[PDB]
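First up is the structure itself, then whatever we jot down about it.
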RNA sequence: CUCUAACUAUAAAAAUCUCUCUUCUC
Ligand SMILES: [Mg+2]
Ligand SMILES: [Mg+2]
Ligand SMILES: [Mg+2]
Ligand SMILES: [Mg+2]
Ligand SMILES: [Zn+2]
């Protein structure tokens, strides 16, 4: 039976979209079904912020960030903890998991 | 050389490892007490011990 | 007493290949003794012990037996080794085999010397083996030369001349080799007289044969005449076979026949 | 400027065997190339942070003998059609470079990111493991 | 490690005794004209080093050339062409952004408009210039997206293209670079399209270079000191 | 009754299984 009225794809009116490859397993998966996670992080983590600050010319050098949109597979997404199985009445909710920190 | 350094724990970050027998703590050096590391310990510790380290650049990684 | 390592120093170097006899196994690894060098102990760890997944250690290591290994780190203060076993290439084991075999020969010979003279192997190695290894890289080639050319004992000081005499006696007794060099010449004669041709040919062949090595032309086939020579020096027998070939060519060129070659003189 | 002789650190951290490769400003001249697999045994931990740590100490010592006192980090992932996410060792390499006296300037990420891949290795169903 | 099958198919020296340092001199259009030092083999009679230097392309942050930090995210490539001995001169070779800023402004829920133009400057230098703009959410837009229709995008591309052509054909890359440093072309492009669409973050990125006419010594030495 | 900031990072191997099923009416 229909486990998902949206069929998971989130297409509803296109017929075909261009597939994208998985970052981990390189699975040719449609760009809308594939789970996209925007990893924006610090090029140097808090483990070395003090060290870099002390040992860098250009006082108050604003260190750069690194941005990458990761196109996960879906088997990979289940396995790499990116996305989790949910209750059948909980699958309804599409809002992200409530702002991890404020 | 003999670069043996000491580090007093300021807090203990739970117990890690597949065995469940190792722990993870946040140590701060006897010198330069504003410079801290996270390090893995194998045995009973609490806030106050002085670990001995043969390294200083190493940081603890969660054991799986 | 087997001691006083083969090389000029008792400690290893950082990259070498070696061979090891296992003595025991502990949980973290095995601290075992080196045989390419004298006796110094060192660890081989389980993570760098087996090639495939380490399912058993008894089957692989076989304590009390001989294996190939390499050395990665060295303790040059009191003596401790870090070794490796998975990183032995398919080509590494072969040269390890040959190196250990020549070392074992040069060790057993001088061990017999020490046992017959009841003098520690340290002094005997310092007096004989070390200068020879300095001169020619390894003492076994010097032993082969002493079998052939006896100038190798000039400028070397033994503890006593009786030591040199007994060592030369054991060289003559133990390292007896020749090489069976064999060639096959195709006879193709259909000339008028063809048996006196071969008779004269081997009359000349046995004429030039030196005392130290024999020359006999054996007959296996009418076209295929075989030449077998015991190369004691491994370099003059080829010349002997070539001279015999020259003689047989001179024989055949004027009777009226011809001959061919299948197997030139090859060891 | 107080005559800080500059170089570029130019770290390359794949998912195995990270690279630390310092060069002058032009980049045409290569000095102190020592890599991660240069210094660690297991052949599987070439990507490990400790590998990049020791490689970083060696390049720092060599460059300090050279005369270069400050470096420019150019972090590179494996790039191309590959994962193109920075390797585990590169961050440790950068930290150890910043530890060993060297001064740090203008960290950049220079991973080769395509306007598209030619084709990603693995087949349509990819690596099945 | 230390493993090698030796599939090879001491004469050792230290290669730094036969080496030395040259200095990188920036064009006068930048303030901090002392760029850095470059390591070179010692001069040999058979092969002179000065031949080897020319053609080198040094990559320097723009903020390192003007002292300020408003130019932190830009980057300039200089070409080594003329060596004065223990000091060499660099001409402009190219411009680019830093990937950090580029990804920082390429954000979702807004259309990026790209303009590409290959032109010839006042001299015979032939350049290629890329401009990137992003539609801006209005200061009153309760609607959350900020998309632009294809007609607006095409009009904006036309405007940016004509502006870039105008400001290349009317000056030389000396004057063009002196114009690029205070990014007045960005302001002008934003102002010329103010009626069409808001266009936040109008930037000129990756000023390429495709041809050099000849070796003109007079202006190159004139560009220094 | 006014509000968009923090973060990473595990994929070794594991095949197969002979019974027999039994009533709800105060
Ligand atoms: Mg189902
Ligand atoms: Mg989905
Ligand atoms: Mg339709
Ligand atoms: Mg699976
Ligand atoms: Zn996948």
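Residue numbers (the working numbering), protein chains in the order written: chain L, 1 to 102; chain D, 1 to 64; chain B, 1 to 267; chain Z, 1 to 129; chain S, 1 to 225.
C-beta atoms are modelled at their ideal positions from N, C-alpha and C, and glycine is treated no differently.
Query: Quick check on residue 208 of chain B: does DSSP put it in helix, strand or coil?; Result: helix
Query: For residue 64 of chain L versus residue 43 of chain L, is the C-beta spacing smaller than 8 Å?; Result: yes
Query: Do residue 35 of chain Z and residue 19 of chain Z have their CB atoms nearer than 8 Å?; Result: yes
Query: Would you verify that the beta carbon of residue 9 of chain L is, or is not, closer than 8 Å to some beta carbon of chain Z?; Result: no
Query: Starting from residue 183 of chain B, trace the beta strand (DSSP E) in both directions and tell me its first and last residue.; Result: 179–187
Query: Please confirm whether any heavy atom of ligand 1 lies closer than 7 Å to the CB of residue 2 of chain L.; Result: no
Query: Using only the heavy atoms of ligand 3, determine whether one of them is closer than 7 Å to the beta carbon of residue 13 of chain L.; Result: yes
Query: Three or more beta-carbon pairs under 8 Å between the segment 216–224 of chain S and the segment 19–28 of chain S, yes or no?; Result: yes
Query: How about the segment 53–64 of chain D and the segment 39–55 of chain B: do they share at least three Cβ pairs that are nearer than 8 Å?; Result: no
Query: Against residue 51 of chain L, what residues of chain Z qualify as contacts under a CB-to-CB distance less than 8 Å, listed in chain order?; Result: 95, 98 and 99
Query: Consider the Cβ of residue 41 of chain Z: report whether some Cβ of chain S lies at a distance smaller than 8 Å.; Result: yes
Query: Could you tell me whether the Cβ atoms of residue 136 of chain Z and residue 47 of chain Z are closer together than 8 Å?; Result: Not covered by the structure: residue 136 of chain Z. The range shown for chain Z is 1 to 129.
Query: Between the C-alpha atoms of residue 223 of chain B and residue 87 of chain B, what's the straight-line distance to the nearest angstrom?; Result: 53 Å
Query: For ligand 6, I want to know if residue 126 of chain Z counts as a neighbour, meaning its beta carbon is within less than 7 Å of at least one of the ligand's heavy atoms.; Result: Ligands in the displayed structure: ligand 1, ligand 2, ligand 3, ligand 4 and ligand 5; ligand 6 is not one of them.
Query: Do residue 19 of chain B and residue 67 of chain B have their C-beta atoms within less than 8 Å of each other?; Result: yes
Query: Distance check for residue 5 of chain Z and residue 105 of chain Z, CA to CA, integer angstroms please.; Result: 12 Å
Query: Can you round the beta-carbon distance between residue 203 of chain S and residue 113 of chain S to whole angstroms, since I take them to be within the 8 Å contact cut?; Result: Between residue 113 of chain S and residue 203 of chain S the Cβ distance is about 11 Å, and since that is not below 8 Å, they are no contact.
Query: What would DSSP say about residue 190 of chain B, mapped onto helix, strand or coil?; Result: coil
Query: Following the continuous beta strand (DSSP E) through residue 92 of chain S, name the residue where it begins and the one where it ends.; Result: 88–97
Query: With a cut-off of 8 Å on the beta carbons, I'd call residue 266 of chain B and residue 183 of chain B a contact; round off their distance for me.; Result: 7 Å
Query: Is the beta carbon of residue 124 of chain S less than 8 Å from the beta carbon of residue 220 of chain S?; Result: no
Query: Should residue 72 of chain L and residue 22 of chain L be called a contact, given that it needs their Cβ atoms to be closer than 8 Å?; Result: yes
Query: Does DSSP put residue 33 of chain L in a helix, in a strand, or in coil?; Result: coil
Query: When the Cα atoms are used, what is the spatial distance from residue 19 of chain D to residue 85 of chain B?; Result: 28 Å
Query: Just mark residue 165 of chain B as buried or exposed, buried being the case when its beta carbon has 16 or more other beta carbons within 10 Å.; Result: exposed
Query: Rank S:33, S:105, S:91 and S:41 by C-alpha distance to the C-alpha of residue 63 of chain S and give the top, closest one.; Result: S:33
Query: Quick one: is the Cβ of residue 68 of chain L within less than 7 Å of any heavy atom of ligand 2?; Result: no
Query: Tell me where the beta strand (DSSP E) around residue 84 of chain B begins and ends.; Result: 80–84
Query: So with CB distances below 9 Å, who are the chain Z contacts of residue 31 of chain D?; Result: The premise fails here: residue 31 of chain D is roughly 15 Å from chain Z at the closest Cβ pair, so nothing lies under 9 Å.
Query: So which of S:2, S:116 and S:176 has the shortest CA-CA distance to residue 72 of chain B?; Result: S:2
Query: Could you compute how far the alpha carbon of residue 47 of chain D sits from the alpha carbon of residue 63 of chain Z?; Result: 41 Å
Query: If you check the beta carbons only, do residue 4 of chain L and residue 30 of chain L fall under 8 Å apart?; Result: no
Query: Answer yes or no: does any C-beta atom of chain S fall closer than 8 Å to that of residue 30 of chain L?; Result: no
Query: Could you confirm whether any beta carbon from chain L is found closer than 8 Å to the beta carbon of residue 62 of chain Z?; Result: no
Query: Name, going along the chain, the residues of the segment 87–100 of chain B whose beta-carbon falls closer than 7 Å to a beta-carbon of chain S.; Result: 87, 89 and 91
Query: State yes or no: is the C-beta of residue 95 of chain L within less than 8 Å of the C-beta of residue 35 of chain L?; Result: no
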